[PDB]
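Remarks on the structure that follows.
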Amino acid sequence: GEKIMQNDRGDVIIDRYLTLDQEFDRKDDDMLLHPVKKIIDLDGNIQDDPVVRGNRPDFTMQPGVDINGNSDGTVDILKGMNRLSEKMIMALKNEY
Amino acid sequence: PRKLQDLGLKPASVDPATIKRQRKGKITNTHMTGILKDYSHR
Amino acid sequence: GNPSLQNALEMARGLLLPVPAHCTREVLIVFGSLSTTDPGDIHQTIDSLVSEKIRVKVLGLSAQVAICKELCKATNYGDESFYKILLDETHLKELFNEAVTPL
Amino acid sequence: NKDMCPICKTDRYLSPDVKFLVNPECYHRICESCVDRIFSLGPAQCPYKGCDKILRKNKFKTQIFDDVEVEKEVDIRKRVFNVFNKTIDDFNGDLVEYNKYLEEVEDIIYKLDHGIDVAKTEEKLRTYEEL
Amino acid sequence: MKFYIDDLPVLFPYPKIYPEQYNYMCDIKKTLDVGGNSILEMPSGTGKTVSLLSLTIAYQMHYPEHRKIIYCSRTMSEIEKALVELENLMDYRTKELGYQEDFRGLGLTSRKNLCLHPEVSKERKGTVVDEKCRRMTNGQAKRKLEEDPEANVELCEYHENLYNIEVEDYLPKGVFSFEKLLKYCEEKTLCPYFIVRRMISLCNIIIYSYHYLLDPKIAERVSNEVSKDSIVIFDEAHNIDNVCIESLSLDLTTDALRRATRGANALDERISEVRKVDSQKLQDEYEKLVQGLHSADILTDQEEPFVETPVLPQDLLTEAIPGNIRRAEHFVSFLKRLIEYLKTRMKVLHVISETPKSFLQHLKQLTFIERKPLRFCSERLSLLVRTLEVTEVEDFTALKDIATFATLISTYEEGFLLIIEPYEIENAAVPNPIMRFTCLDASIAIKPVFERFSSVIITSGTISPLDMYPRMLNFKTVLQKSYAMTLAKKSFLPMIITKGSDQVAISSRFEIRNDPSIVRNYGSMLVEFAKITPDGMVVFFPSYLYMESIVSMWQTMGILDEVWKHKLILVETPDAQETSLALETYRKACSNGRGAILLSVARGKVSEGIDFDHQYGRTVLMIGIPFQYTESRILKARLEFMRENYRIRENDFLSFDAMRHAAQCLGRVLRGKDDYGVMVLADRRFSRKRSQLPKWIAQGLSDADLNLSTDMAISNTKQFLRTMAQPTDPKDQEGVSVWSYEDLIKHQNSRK
Ligand code: SF4
Ligand SMILES: [Zn+2]
Ligand SMILES: [Zn+2]
Ligand SMILES: [Zn+2]
């Protein structure tokens, strides 16, 4: 979950598996993603009004961006730890 | 590098270096000459 | 280490499996931590305990844990008085003295 | 191109002195240096190939809008509304007649913009501004 | 049980009642009798929603007027919760009376939440779900399929099956939540959305969001069909002003203007093609507009206009189209030159803060566009798109944006402001201009509601101060009160931590967010609270950027390494799907006892609607005061409008908004008086804001906890958890915190 930056060497044998790990993350999101109850359906909560077009909230309400406007990767570690906890909880849901 | 911005262009070069740049005293403890060690740092 | 309520309850269920039907099946858990790390689902273990008629009483040490409270309630048929949390050393001794009477 | 003057062939990058000068009779992306080089001595024809309209130096101006068709539409709208300025007070509250007048104004503006009936609309504009 | 208030029999679906619930019902009933607006702050935890539902249903069924009920909450999950409580209440009423009386109670939400079509289900945008549903259900597709049976256009079977049966036979009598309604419509192959729309008027009670009654883009259909002499309840109305402002606010970007130019060009090509093929379809529009028929007359009832009406219906004009935009090509030229004027206006290198009157004057002198043709822009674009009958409108979405902007800035001139910012964000290298048409008066969107409805019950768990709202929104209140919850033992522990363990001061102001001492103190606080909190712990941050930065540097410094040893870390993702899965995982971890922490924003999606009761709560840890970014232009404009309109000060309103967000974060921990949980507020500046808290939170907050440190706050938390991990005394809570029927009768006899 540490923020990855480009000046580190990494390892040439292991760093080719980064794309495969992102592919596995998408695959994990595939069977993690399921419809939830309306008690905790925040997507339904924000899509209750589909045509709302108010003021776009200030930059403290969006993920942080670089000088070029691209994502800084801070949301990526949040996604990673959320996916880690979901994997830990989903591993409890089995035949054991 | 300092005239491109006068002409309006963006200078890709920084201004060069031409413009603006810069005992042993006596030892009373003679019985351990070589047992004590020097410590110039913490 | 890290506590495992599910592993403890699974071995308790295994130990109480050869117990005859006339003999009551009880598990007294002195739980010190506030969280448990389980290898699998613990609600399945609680359901198996209820099906095997095993009554669980937990003497907690720090605070009220909801998984222990729900386990005690399910194993004691809606009775929430079987989850005990100590106050002092005298109250902990009183809890251990209360734990010797038949349920 | 929207960035460089095709007549003098100068990019905005190396030459920031170019400007968005156009003419109402023919809208051309032409720079102030080209205007002062050609039309200062006298009136001449349009230096862009395929056009030969006569035009003057003092009629040049900077373009407000990005679209050439929008710029010429608002310029034609100004050239119509300078003499056509009847309002609801001039029509004495007759809302349907004011709407019909607005229909006629937009019709003649569209006709001047597309050149479909330019001679008859110009004649009508002249005989209505003579009053 | 069943009791009596004056002459009104009330059927409470619980054998026991709270004194706060009974006094709440008394105040609501006397408000309904007098016929005015009320403001009520029930303590959280107590059954506020069930008290509202019980008293209002009893009033509606017993009184001969039989007034309908409009239950307006802020969040679709809260509409679901109110619907579930309504089913419980009406099942109890059916069991008590022996029969199911004639009752209709329905919740209303969007097509994205009430769509069962297998094709248009996985579309992530409610706009495109809406557009595909009209594309299949305007009736134009039905007539096209009737004329040509071999036409490739299709119809929705759920919408089609509603034509076979009547409106009163859509659902059986009773209360339908969203889940039960979806199950019934899936097993009967019916459209739940159109079912709810068609029997809005048949409901004894209809529950929906604040958007469907404040936002006129969707409320103009609902307000007409609901009763205008009905009782209106505004549940969780502490953040109603954000909805009111967002109803009439708009932002425009240069990307939006580029797509607007492309949509205008595609539109001009579309009128060119239609004029080439057949011009009668525009000639009849011209004849109808000359006659004076509006969008209501031309549009049929079963289809919708393309651009939703962005402004209030009484602010809409009733006269005919002025004729500048009556022709198709004339309106396309008008729209194109308006969009080009907007493009010229956004090329300004500094901040412009201008009135709509000044904007209209500048637009008139530079473009010759008047206010009256702009006031009909959305209606004219909707009519033009309707009779162009275009299949694709993805190019015309920006045209909807432009028409909405034009109508808003044309018909509104007072209480609104246009802000042109050369930099949308200051972090970006290349400038990105933005144009924001912002509503500075939150009372504008809610004024027709109070003009229409006689009895409005503004209600929240944590609405404070109560006198702020009759000033901030221009309405008169017949009674405003906050209840103090009566407890045998102090169920919640509010604590204000103004310093760390080593007495270094802690604060969450945005410019020192990278302070290592403050970040280390917050990390150590969170570590100790995670170690001593049993089941779950929710930590609310002032902003998402603050939370991202502090969590990233917490992971850098290794605080999360021993947070993970005790609790699973779940962070509120900006994606709502991932946030909902994170919330479900958090609740699962709290239930099975693994232990969980949820890091969320105090003004985010989680802070509204979502509750944390029993194991899901137990600790609300507030990193700092959730202050809004004060240097933002729109907030400064709103604050200035408050200053020279309702004499509300800069710091007073900023503290009010931030403290009400803190209060709504603190109020989520309690449901029931058996529930418990600590509320810690980690900032220096909460210590002066004890009076700005809600009354029950201030009663729970002692004077010795205003300037706590981390270690003694931890010790107090341990003592509190050990104290209420013990079984409470039924003799102590027999008749002081919860009432039986005989206790209520004795209290009534003592009152009289
Ligand atoms: S009619 Fe109902 S089910 Fe069919 S597409 Fe529209 S919202 Fe979905
Ligand atoms: Zn020198
Ligand atoms: Zn040139
Ligand atoms: Zn020319």
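Going by what the header records, the deposited coordinates were determined by electron microscopy, 3.0 Å.
Just so it is clear, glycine is given a Cβ too, placed from its N, Cα and C backbone atoms.
Between the listed ranges E:235-238, E:259-262, E:631-634, Swiss-Prot ties the annotation motif 'DEAH box' to E:235-238. Among the candidates E:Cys115, E:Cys203, the residue that Swiss-Prot names alongside E:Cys133, E:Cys156, E:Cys191 for the [4Fe-4S] cluster site is E:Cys115. Each of the binding-site residues E:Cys133, E:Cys156, E:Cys191 was scored by the number of other CB atoms within 10 Å of its CB, and the largest score is that of E:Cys191. Neighbour list (E:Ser44 (ATP binding site), Cβ cut-off 8 Å, at least 6 residues apart, same chain): E:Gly461, E:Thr462, E:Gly667, E:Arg668, E:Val669, E:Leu670, E:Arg671, E:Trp696.
Long-range Cβ contacts of E:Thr46 (ATP binding site) within its own chain (separation 6+, distance under 8 Å): E:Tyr18, E:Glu20, E:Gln21, E:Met485, E:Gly672, E:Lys673. In the motif 'DEAH box' (E:235-238), the DSSP tally of helix, strand and coil residues is 2 helix, 1 strand, 1 coil. Cβ neighbours of E:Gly45 (ATP binding site) (same chain, under 8 Å, six or more residues apart in sequence): E:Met485, E:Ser491, E:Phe492, E:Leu670, E:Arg671, E:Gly672, E:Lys673, E:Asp675. Note: the CA-CA distance between E:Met42 (ATP binding site) and E:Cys115 ([4Fe-4S] cluster binding site) rounds to 35 Å. Each residue in E:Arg111, E:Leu116, E:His117, E:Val120, E:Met136, E:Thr137, E:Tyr158, E:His159, E:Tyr193, E:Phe194 lies on the same chain as E:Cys115, E:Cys133, E:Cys156, E:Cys191 and has a C-beta within 8 Å of the C-beta centroid of that [4Fe-4S] cluster site, without being one of the site residues. Sequence-distant neighbours of E:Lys48 (ATP binding site): residues of the same chain at least 6 apart with a C-beta under 8 Å from its C-beta are E:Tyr24, E:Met42, E:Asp235, E:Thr459, E:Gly461.
Proximity of E:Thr49 (ATP binding site) to non-local residues of its own chain (separation of 6 or more, Cβ distance below 8 Å) is seen for E:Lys81, E:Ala82, E:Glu85, E:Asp235, given in sequence order. Here E:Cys191 ([4Fe-4S] cluster binding site) is positioned 33 angstrom away from E:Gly47 (ATP binding site), judged by their C-alpha atoms.
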